[PDB]
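Take a look at this single chain, the form deposited in one PDB entry, given in structure tokens.
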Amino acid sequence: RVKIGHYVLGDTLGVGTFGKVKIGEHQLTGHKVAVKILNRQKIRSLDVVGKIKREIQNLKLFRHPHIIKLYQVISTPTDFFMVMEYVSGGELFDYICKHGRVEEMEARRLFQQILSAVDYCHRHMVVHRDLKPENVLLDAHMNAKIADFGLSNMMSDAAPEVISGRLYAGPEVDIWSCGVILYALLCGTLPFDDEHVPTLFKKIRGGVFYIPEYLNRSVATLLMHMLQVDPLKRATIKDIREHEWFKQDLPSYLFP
């Protein structure tokens, strides 16, 4: 039975190749944290210790309202314990699968939050790591929160360049990923989806996708720019910020 200060560790929230994430609850106040436990022997055997450490150091410097906070790091001879901000609302894509597509203004509100967090990553994350849609969570206030907790590996109930075999620029792949997130928010499904795998890949490389009748031309053009197959032709975050659909009701705090 494990305690960090007043936090009693309980259920496992997520698990990955590198460790597990357990919810901690403050015995007095009920405050919750998410404790990422990294077993030294496992991360050594995967040869990822250097990458992970450099990730921890960078996360100390992150201050964005839609990216998971790191509160402290405890090091023992056998484990690292990263005490992080708790998120209660699960994965965004699970919410979309359960509840269907999101009303247009809510889609926009969430997407503005997500794109701001990605822009902050491109600006402040020293080594780039591709955004994974399964890392976009929802917090108690129905705000987007980017976190790497391995929720998607728990069971209860790619960009054209990624599949090209070539090295690529990470920030460009992130725009494509954000385009699928936006499409999913708006349509309740993925823009390229097919149970026949070669056809899924042909669809991703072909860049043609379905726009439901209920979406306006304006947002369709934004999605088209973000989902351009050729990165040389794809929207940047600046382009997206300038788009009339995205600009609507955009809080200034998101892009300072």
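Residue numbers run from 1 along the displayed sequence. Note that the rigid core is defined as the largest set of C-alphas that superpose within 1.5 Å between two forms.
Only in words, not in the display: the form solved in complex with a small molecule, which the text now covers.
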Counting only non-hydrogen atoms, the one stretch of 182-190, 102-110, 130-138, 165-173 within 4.5 angstroms of the small molecule in the bound PDB entry is 130-138
Checked 121, 178, 151, 87 for heavy atoms within 4.5 Å of the small molecule in the bound PDB entry; positive is 87
Quick check on this chain: which one of 34, 204, 219, 37 has a heavy atom within 4.5 Å of the small molecule in the bound PDB entry? 34
Determine whether any heavy atom of residue 59 comes within 4.5 Å of a heavy atom of the small molecule in the bound PDB entry, and answer yes or no. no
At 4.5 Å between heavy atoms, is residue 21 in contact with the small molecule in the bound PDB entry? yes
Classify residue 161 as contacting or not contacting the small molecule in the bound PDB entry by the rule of any non-hydrogen atom within 4.5 angstroms, answering yes or no. no
Residue contact check: residue 147 to the small molecule in the bound PDB entry, 4.5 Å heavy atom: yes
Kindly specify the one residue in 225, 69, 54, 205 whose Cα moves by 2 Å or more between the shown form and the other one, with superposition done on the rigid core. 54
Core-aligned C-alpha movement of residue 143 between the shown form and the other one, 2 Å or more: no
Core superposed first: is there a CA shift of 2 Å or greater at residue 189 between the shown form and the other one? no
Core-aligned C-alpha movement of residue 34 between the shown form and the other one, 2 Å or more: no
Closer or farther: how do the CA atoms of residue 130 and residue 149 lie in the bound PDB entry, compared with the form shown, if the change is at least 3 Å? closer
Relative to what is shown, are the Cα atoms of residue 177 and residue 149 closer or farther apart in the bound PDB entry, where the gap shifts by 3 Å or more? closer
